[PDB]
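In structure tokens, one chain follows: the form deposited in one PDB entry.
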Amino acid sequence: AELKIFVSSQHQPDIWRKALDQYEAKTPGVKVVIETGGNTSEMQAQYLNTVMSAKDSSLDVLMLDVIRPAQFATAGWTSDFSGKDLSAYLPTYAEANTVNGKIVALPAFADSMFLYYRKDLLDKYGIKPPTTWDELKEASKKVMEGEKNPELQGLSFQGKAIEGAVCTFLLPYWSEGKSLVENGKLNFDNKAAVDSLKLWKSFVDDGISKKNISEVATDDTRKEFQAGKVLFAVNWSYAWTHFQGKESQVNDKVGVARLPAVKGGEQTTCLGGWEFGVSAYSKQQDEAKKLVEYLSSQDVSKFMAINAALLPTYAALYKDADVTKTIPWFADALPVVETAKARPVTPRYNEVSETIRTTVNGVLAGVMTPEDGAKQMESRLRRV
């Protein structure tokens, strides 16, 4: 059989390729081909909606974001792993991949947002990693003043109208102790929503973040930090491999911290991560399941942690000696993953994402005020 697997371009398809070569080498008569979609999750989702809506049978295995199971379950777009127990996997992912009793997908890898920081620069100015956005502003000012570097950004975060801007919006909202869904219903704290949009705007206005932060996607943050142009970056675990790689200016100059809190708030972060679904329209159900069981296996989890800084779905791999030798900070990441806040679980998540990310982007592009943004977001969300 020739299986086709849709892989996020953001999640190291060349490294997944090394795992698939080990699979082929030990599975005579099976070949795997990677189709590589957009960097961002909302573009991958728009593409999969069209091929899955059209019942297209070319894809066998789908790498899907943690926010996807509700949609994919309700639409019947994946083959359930009937009577599968997800107890080997972090409960947050066991839970994300179960919808009305159905195991929609096997966890592929974990993720959460961290604060990447230039540990060389904080050391140089004697600064402690910031625990509040206010400490991060103060640290940014001190470093940018001393560095006399017209290309050094204080903070890079995602302001482009992408899935990651949803995460941007919720970080200060969650930090204030608010939720967007309470007892299944939309629970919109106006004041917390406005304060989140003004916080992100304040980084641009205060000269800590670049004027065109509204054009910055997740991987732009990764590229600019890697290039030595960013003191503080909001990003995901995959960025670490690029930072420590052959094409980086910041080898051994990167610290990892929990995201700062809003003043008086909690250091909350966004749950990310991905899972492997078998397409309901695969003509190779059995062979695809065998591939997903290998790709969701502890040995592959471990390989992808070491080679791609993708956080394990297996709790035991966080303290594995080879994992922690390659990426020391993984030894302390699991509590961040297991307490990370989840975006709303809903089959209509795409419409939820569209509303929040366009509002964030509009405010950061100076199209609307934070105040109007919050009002627009609430109105649009109310009817979705």
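Counting begins at 1, following the sequence as shown. Take the two forms, superpose them, and find the largest set of C-alpha atoms that agree within 1.5 Å; that set is the rigid core.
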Check: Do at least a third of the other compared PDB entries leave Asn183 without coordinates?
Finding: yes
Next item on the list: Can you let me know which of the two, 79-87 or 270-278, has the higher average C-alpha B-factor in the entry?
Entry: 79-87
Note to self: Going by the mean C-alpha B-factor recorded in the entry, which is higher: 189-197 or 146-154?
What the structure shows: 189-197
Note to self: Can you tell me which of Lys137, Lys263, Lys210, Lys160 has the maximum CA B-factor listed in the PDB entry?
What the structure shows: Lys263
Check: Based on what the PDB entry reports, which of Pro107, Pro129, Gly184, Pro172 has the top C-alpha B-factor?
Finding: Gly184
Margin query: Lowest, middle or highest third: which one holds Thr168 when the chain's residues are ordered by CA B-factor from the entry?
Written below: lowest
Check: Going by the entry, which third of its chain does the Cα temperature factor of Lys31 land in?
Finding: highest
Margin query: Test of reading the entry: by CA B factor among the chain's modelled residues, which third contains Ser179?
Written below: highest
Check: Lowest, middle or highest third: where is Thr218 by C-alpha B factor in its chain?
Finding: lowest
Note to self: Please say which third, lowest, middle or highest, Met63 falls into when its CA temperature factor is compared across its chain.
What the structure shows: lowest
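Below, we turn to the form deposited in another entry, even though it does not appear here.
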Item checked: Candidates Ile306, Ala217, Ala192, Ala257 - which moves between the shown form and the other one, C-alpha at least 2 Å, core fixed -> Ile306
Next item on the list: Say whether the C-alpha atoms of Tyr89 and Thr269 sit closer together or farther apart in that other deposited form than in the form shown here, given that their separation changes by 3 Å or more.
Entry: closer
Next item on the list: Might you say whether the CA atoms of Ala342 and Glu95 end up closer or farther apart in that other deposited form than in this form? Their distance differs by 3 Å or more.
Entry: closer
